[PDB]
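Notes follow once the structure below has been shown.
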Amino acid sequence: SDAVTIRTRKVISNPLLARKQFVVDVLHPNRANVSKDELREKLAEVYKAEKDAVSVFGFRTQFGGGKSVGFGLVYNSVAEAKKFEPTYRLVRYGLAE
Amino acid sequence: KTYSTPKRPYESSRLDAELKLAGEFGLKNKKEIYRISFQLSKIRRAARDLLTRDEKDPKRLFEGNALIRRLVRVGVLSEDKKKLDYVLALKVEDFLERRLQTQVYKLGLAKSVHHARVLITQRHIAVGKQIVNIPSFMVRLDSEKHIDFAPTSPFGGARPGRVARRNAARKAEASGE
RNA sequence: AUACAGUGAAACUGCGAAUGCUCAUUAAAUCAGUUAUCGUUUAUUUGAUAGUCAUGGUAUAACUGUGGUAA
RNA sequence: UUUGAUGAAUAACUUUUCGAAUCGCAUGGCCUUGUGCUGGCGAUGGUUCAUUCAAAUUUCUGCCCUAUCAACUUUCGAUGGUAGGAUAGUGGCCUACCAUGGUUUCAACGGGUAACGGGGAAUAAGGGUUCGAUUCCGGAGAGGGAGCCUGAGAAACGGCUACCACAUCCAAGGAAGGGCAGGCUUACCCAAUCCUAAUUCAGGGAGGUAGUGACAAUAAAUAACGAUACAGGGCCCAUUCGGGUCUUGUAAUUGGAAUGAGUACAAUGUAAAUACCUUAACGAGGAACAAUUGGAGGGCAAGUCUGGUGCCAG
């Protein structure tokens with residue numbers, strides 16, 4: 001029923017640090033602001049990636065519903081994910097203490 | 001300011017005129033009438049000074065074109081009446097027509113102007129995509145063909161409201177007990 | 001690990017600590033612009049750069065202990 | 001005569017400065033197997049010069065009113081020379097030795113300037129008539145005159161002497177310290193940016209977030225729709241007769257439908273957090289989920305009071 005839609009708009013890539021970049025809108029009619037952890041796993045299969053390496057953040061929902069503005073990433077290695085992320089995001093993802 | 005008190009605010013003519021306007025358009029204030037008439041005064045003053053500026057002056061040329069076309073995009077002016085004496089000829093009732101609650105009543109989604117007032121503030125009418133709920137929206141042309149019920153409104157959409165569902169469950173309990 | 005190498009308080013030493021509020025009014029002064037420094041200084045930055053005793057002596061702080069004085 | 005080439009240390013002097021008695025890793029090669037020689041790739045310092053960040057003076061270009069301002073400078077050298085000290089360095093910056101000058105109606109000089117001033121300094125006014133936002137104000141102070149101290153850079157004033165003025169603590173011997181907010185609130189974090197250190201981290205009441213704080217000036221809600229009953233009267237203008245007009249009137253009954261104020265799990269949030277945006281679940285029938293403020297006017301008693309030529313007037 002629910003078109004689980006987060007448009008990962010602003011699509012670009014950075015293979016120096018090996019991570020991929022994209023903004024967030026959240027189009028999700030009759031759904032209340034899907035959470036970043038199930039988004040993490042869903043991004044993990046769509047990018048054939050790691051449950052840590054997925055990393056999106058900062059979501060604000062537009063009027064009229066089924067629209068939210070946020071700002072998202074994905075690493076492309078476990079070491080890059082575990083070292084280059086700031087620790088506040090590491091605890092937001094529950095990987096640090 | 002955003003409302004200006006008319007300079008003889010209590011007069012036989014003023015007073016009965018506002019009575020007719022608020023009664024017929026379902027307003028609730030002299031303040032609402034005043035807001036419309038103040039901004040009309042600014043527009044029409046601009047047009048008059050433009051008429052003082054002589055024929056074929058570049059300023060008159062370009063800005064008159066601008067003012068006419070933006071008033072027809074707002075919709076109070078009509079397509080084949082493109083002249084500055086007509087922007088002089090406008091009056092308050094034309095904008096008060098273009099309000100939203102008058103427009104819901106005129107299209108026919110409600111019965112009386114007060115019904116349309118209660119609908120829009122009740123969050124059922126949805127211009128375009130959003131649920132608008134301010135009864136002075138000043139709808140344009142494109143939207144004035146696009147006014148209709150919101151898709152989650154139980155008049156043109158989803159499941160009935162809370163009084164209906166408590167009542168249906170109440171007769172369900174009536175049959176159960 | 002029979003010298004130590006982990007870790008580490010006290011201290012030596014290196015560098016920073018020269019990027020705080022209140023009170024008084026100047027018309028080539030200030031300020032803005034533009035020079036000059038074949039007339040000066042520079043911790044720092046970077047760049048070059050010196051053929052002209054199988055290892056010399058110290059000392060402290062800390063620690064130990066004994067004390068003074070209302071402090 | 002051209003086409004092309006070359007240039008245009010000595011003598012000493014001195015507190016010696018020096019030419020590393022310092023951290024990370026090669027393991028080989030040779031035989032003298034000594035553990036001998038030899039060696040390579042990374043840090044901290046040091047000699048000088050360049051360069052960088054700065055700084056100092058300095059050329060010249062530009063800012064108001066006023067002659068009801070005609071004088072000014074040698075009365076700290078005023079102008080200049082020469083010599084020396086001083087300074088990182090020139091230069092009357094300072095001293096000797098001198099010369100006797102310079103500025104001036106092209107108004108020097110002087111006076112006032114509200115000089116919270118001005119600078120296209122500053123982003124501008126994505127169309128306010130000239131208006132916003134930023135930046136430089138300029139200097140001085142950090143009880144008060146005076147003097148000294150390090151560092152590349154301080155005349156540091158949250159070092160030291162003495163002085164003067166304060167004001168403390170005590171066992172009376174002594175000892176030691178420095179205004180700022182308020183009137184007539186001082187809660188979280190270095191997360192966005194930047195900075196600083198032997199520098200990923202440490203830190204930065206820089207920088208940020210939040211909370212008390214109707215003012216002026218905004219957008220809504222406090223109800224929408226329908227059925228039935230019962231009644232014959234309503235309403236507008238005229239100074240008195242009067243006249244004009246017509247679906248109306250009532251604390252009368254009654255039906256379902258709408259929801260937002262609220263109430264309340266989460267998610268989204270940020271260093272973290274509040275609120276927010278979203279979001280399930282509740283949640284409107286009158287004494288409710290109980291709006292004010294102002295104006296005009298009646299009527300009532302076995303009631304009170306006063307004046308009258310009954311029963312009336314005030």
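Naming scheme: A, B, ... for chains in displayed order of the structure tokens; residues 1 onward per chain; ligands 1 onward as shown.
Around residue 123 of chain D, within 12 Å and counting only C-alpha atoms (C1' of nucleotides), the residues found are residues 132, 133, 134 and 135 of chain D, once anything fewer than 4 positions away on its own chain is removed.
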Can I get the selection written as a PDB file, in the first residue's frame, with C-alpha atoms (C1' of nucleotides)?
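Final file, out_28.pdb:
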```pdb
ATOM      1  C1'   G D 132      19.141  48.756   5.268  1.00  0.00           C
ATOM      2  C1'   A D 133      23.373  45.337   7.134  1.00  0.00           C
ATOM      3  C1'   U D 134      28.905  45.171   8.210  1.00  0.00           C
ATOM      4  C1'   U D 135      33.697  47.408   8.973  1.00  0.00           C
TER       5        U D 135
END
```
Check: which chain B residues lie within 10 Å of chain A using only C-alpha atoms, as an MDAnalysis selection string: chainID B and resid 126 129:132 152
Suppose we keep N, CA, C and O atoms; can you now write the selection as a PDB file, in the first residue's frame?
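Below is the file selection-v3.pdb, written as the result:
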```pdb
ATOM      1  N   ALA B 126      -9.408  21.286  -0.306  1.00  0.00           N
ATOM      2  CA  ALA B 126      -8.003  21.161  -0.627  1.00  0.00           C
ATOM      3  C   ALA B 126      -7.769  21.701  -2.012  1.00  0.00           C
ATOM      4  O   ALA B 126      -7.970  20.983  -2.988  1.00  0.00           O
ATOM      5  N   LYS B 129      -2.953  20.682  -4.092  1.00  0.00           N
ATOM      6  CA  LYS B 129      -2.489  19.532  -3.332  1.00  0.00           C
ATOM      7  C   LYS B 129      -2.671  19.663  -1.833  1.00  0.00           C
ATOM      8  O   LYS B 129      -3.117  18.710  -1.210  1.00  0.00           O
ATOM      9  N   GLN B 130      -2.364  20.799  -1.219  1.00  0.00           N
ATOM     10  CA  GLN B 130      -2.463  20.880   0.232  1.00  0.00           C
ATOM     11  C   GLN B 130      -3.887  21.056   0.712  1.00  0.00           C
ATOM     12  O   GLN B 130      -4.792  21.376  -0.047  1.00  0.00           O
ATOM     13  N   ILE B 131      -4.062  20.852   2.011  1.00  0.00           N
ATOM     14  CA  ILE B 131      -5.263  21.225   2.729  1.00  0.00           C
ATOM     15  C   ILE B 131      -5.130  22.672   3.114  1.00  0.00           C
ATOM     16  O   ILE B 131      -4.372  23.002   4.024  1.00  0.00           O
ATOM     17  N   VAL B 132      -5.828  23.537   2.446  1.00  0.00           N
ATOM     18  CA  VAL B 132      -5.830  24.940   2.809  1.00  0.00           C
ATOM     19  C   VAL B 132      -6.877  25.085   3.879  1.00  0.00           C
ATOM     20  O   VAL B 132      -7.859  24.354   3.883  1.00  0.00           O
ATOM     21  N   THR B 152      -8.390  12.873   2.209  1.00  0.00           N
ATOM     22  CA  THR B 152      -8.681  12.283   3.504  1.00  0.00           C
ATOM     23  C   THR B 152      -9.887  12.940   4.147  1.00  0.00           C
ATOM     24  O   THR B 152     -10.123  12.777   5.343  1.00  0.00           O
TER      25      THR B 152
END
```
Would you kindly return, as a list in words, each protein, DNA or RNA residue with an atom no farther than 9 Å from any atom of residue 37 of chain C, considering only C-alpha atoms (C1' of nucleotides) and excluding same-chain residues fewer than 2 positions away? residues 39 and 40 of chain C; 58 of chain D
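Residues from chain D found within 7 Å of chain A are residues 267, 268, 271, 277, 278 and 279 of chain D, counting only C-alpha atoms (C1' of nucleotides).
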Based on DSSP run over this structure's backbone, return all residues of segment 61-105 of chain B in alpha helix (DSSP H), as a compact mmCIF listing (two decimals) with N, CA and C atoms, in the first residue's frame.
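Output file part-v7.txt is given in full below:
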```txt
# COMPACT_ATOMS: atom_id res chain seq x y z
N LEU B 61 4.26 52.38 -20.73
CA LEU B 61 4.13 51.23 -21.60
C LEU B 61 4.41 49.91 -20.89
N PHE B 62 5.65 49.78 -20.42
CA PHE B 62 6.06 48.52 -19.82
C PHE B 62 5.33 48.25 -18.51
N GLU B 63 5.23 49.24 -17.63
CA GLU B 63 4.60 48.91 -16.37
C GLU B 63 3.11 48.71 -16.50
N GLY B 64 2.43 49.39 -17.41
CA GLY B 64 1.02 49.12 -17.59
C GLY B 64 0.80 47.70 -18.06
N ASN B 65 1.66 47.23 -18.97
CA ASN B 65 1.57 45.85 -19.41
C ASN B 65 1.76 44.92 -18.23
N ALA B 66 2.72 45.24 -17.37
CA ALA B 66 2.95 44.39 -16.20
C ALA B 66 1.74 44.35 -15.29
N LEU B 67 1.15 45.50 -15.01
CA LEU B 67 0.08 45.53 -14.02
C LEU B 67 -1.16 44.85 -14.54
N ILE B 68 -1.48 45.05 -15.82
CA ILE B 68 -2.62 44.36 -16.39
C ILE B 68 -2.42 42.86 -16.37
N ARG B 69 -1.25 42.39 -16.80
CA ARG B 69 -1.12 40.95 -16.92
C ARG B 69 -1.06 40.27 -15.58
N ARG B 70 -0.51 40.94 -14.58
CA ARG B 70 -0.53 40.25 -13.31
C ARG B 70 -1.90 40.31 -12.67
N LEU B 71 -2.71 41.33 -12.96
CA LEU B 71 -4.06 41.24 -12.44
C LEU B 71 -4.90 40.23 -13.16
N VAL B 72 -4.62 39.94 -14.42
CA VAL B 72 -5.43 38.89 -15.00
C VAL B 72 -4.94 37.53 -14.54
N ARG B 73 -3.67 37.40 -14.17
CA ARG B 73 -3.24 36.12 -13.64
C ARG B 73 -3.84 35.89 -12.27
N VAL B 74 -4.03 36.95 -11.48
CA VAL B 74 -4.80 36.86 -10.24
C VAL B 74 -6.28 36.63 -10.53
N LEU B 84 -5.99 50.18 -18.83
CA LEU B 84 -5.82 50.81 -17.53
C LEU B 84 -7.05 51.56 -17.08
N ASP B 85 -7.95 51.95 -17.96
CA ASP B 85 -9.18 52.46 -17.40
C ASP B 85 -9.99 51.35 -16.75
N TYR B 86 -9.81 50.09 -17.17
CA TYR B 86 -10.51 49.06 -16.43
C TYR B 86 -9.84 48.75 -15.11
N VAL B 87 -8.51 48.82 -15.04
CA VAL B 87 -7.94 48.67 -13.70
C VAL B 87 -8.35 49.85 -12.84
N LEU B 88 -8.67 50.98 -13.43
CA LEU B 88 -9.32 52.01 -12.65
C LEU B 88 -10.74 51.62 -12.28
N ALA B 89 -11.42 50.86 -13.11
CA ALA B 89 -12.83 50.63 -12.84
C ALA B 89 -13.10 49.57 -11.78
N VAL B 92 -14.19 46.83 -4.64
CA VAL B 92 -13.89 45.90 -3.55
C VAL B 92 -14.53 44.56 -3.76
N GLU B 93 -15.75 44.56 -4.26
CA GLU B 93 -16.53 43.35 -4.39
C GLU B 93 -15.87 42.36 -5.33
N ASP B 94 -15.00 42.81 -6.22
CA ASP B 94 -14.35 41.85 -7.11
C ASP B 94 -13.31 41.01 -6.38
N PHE B 95 -12.50 41.63 -5.55
CA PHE B 95 -11.60 40.86 -4.71
C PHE B 95 -12.35 40.00 -3.70
N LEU B 96 -13.37 40.55 -3.08
CA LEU B 96 -14.13 39.75 -2.15
C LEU B 96 -14.80 38.60 -2.84
N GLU B 97 -15.03 38.72 -4.14
CA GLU B 97 -15.40 37.54 -4.89
C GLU B 97 -14.28 36.55 -4.92
N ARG B 98 -13.07 37.02 -5.15
CA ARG B 98 -12.02 36.04 -5.38
C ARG B 98 -11.54 35.36 -4.12
N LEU B 100 -11.65 32.70 -0.92
CA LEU B 100 -11.81 31.28 -1.10
C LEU B 100 -13.17 30.81 -0.64
N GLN B 101 -13.67 31.31 0.47
CA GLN B 101 -14.92 30.74 0.95
C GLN B 101 -16.07 31.09 0.05
N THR B 102 -16.01 32.25 -0.58
CA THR B 102 -16.99 32.54 -1.60
C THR B 102 -16.83 31.59 -2.75
N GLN B 103 -15.62 31.18 -3.04
CA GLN B 103 -15.42 30.34 -4.20
C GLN B 103 -15.89 28.93 -3.96
N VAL B 104 -15.77 28.43 -2.75
CA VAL B 104 -16.33 27.12 -2.49
C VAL B 104 -17.84 27.17 -2.58
N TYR B 105 -18.46 28.20 -2.03
CA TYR B 105 -19.91 28.30 -2.16
C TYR B 105 -20.36 28.47 -3.59
```
Do you have the atom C1' of residue 20 of chain C-atom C1' of residue 204 of chain D distance handy? 15.1 Å
Can you pull out the residues contacting residue 32 of chain B? Cut-off 10 Å, using only C-alpha atoms (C1' of nucleotides), and skip same-chain residues under 2 positions away; I want them as an MDAnalysis selection string. chainID B and resid 3 22 27:30 34:37 96 136
So which residues touch residue 148 of chain B within 9 Å, counting only C-alpha atoms (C1' of nucleotides), skipping near sequence neighbours fewer than 6 positions away, as a PyMOL selection string? chain B and resi 104+109+124-128+156
Selection file, C-alpha atoms, as a PDB file, in the first residue's frame:
```
ATOM      1  CA  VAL B 104     -16.333  27.122  -2.485  1.00  0.00           C
ATOM      2  CA  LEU B 109     -19.378  22.247  -2.660  1.00  0.00           C
ATOM      3  CA  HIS B 124     -11.835  19.547   4.196  1.00  0.00           C
ATOM      4  CA  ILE B 125     -11.261  21.748   1.151  1.00  0.00           C
ATOM      5  CA  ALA B 126      -8.003  21.161  -0.627  1.00  0.00           C
ATOM      6  CA  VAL B 127      -6.897  23.468  -3.382  1.00  0.00           C
ATOM      7  CA  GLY B 128      -4.375  21.853  -5.635  1.00  0.00           C
ATOM      8  CA  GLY B 156     -14.735  13.032  -0.716  1.00  0.00           C
TER       9      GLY B 156
END
```
What is the atom CA of residue 54 of chain B-atom CA of residue 40 of chain B distance in Å, reported with one decimal? 22.9 Å
Atom CA of residue 99 of chain B sits from atom CA of residue 138 of chain B at a separation of 4.4 Å
Residue 220 of chain D surroundings by only C-alpha atoms (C1' of nucleotides), 9 Å radius, close-in-sequence under 5 positions cut, as a compact mmCIF listing (two decimals) with C-alpha atoms, in the first residue's frame:
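This went into around-v2.txt:
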```
# COMPACT_ATOMS: atom_id res chain seq x y z
CA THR B 121 -11.75 25.88 8.63
CA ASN B 133 -7.67 26.18 5.83
CA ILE B 134 -7.61 29.96 5.68
CA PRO B 135 -10.87 31.40 4.41
```
Define the interface residues of chain D facing chain B as those within 7 Å, counting only C-alpha atoms (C1' of nucleotides), and report them as an MDAnalysis selection string. chainID D and resid 217 224 259
Need the shell around residue 12 of chain A: protein/DNA/RNA residues with any atom at most 9 Å away, counting only C-alpha atoms (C1' of nucleotides). Skip same-chain ones fewer than 6 positions apart. Format as a PyMOL selection string? chain A and resi 20-22
So which residues of chain A fall under strand (DSSP E) by DSSP, listed as an MDAnalysis selection string? chainID A and resid 5:7 12:14 19:27 54:61 68:75
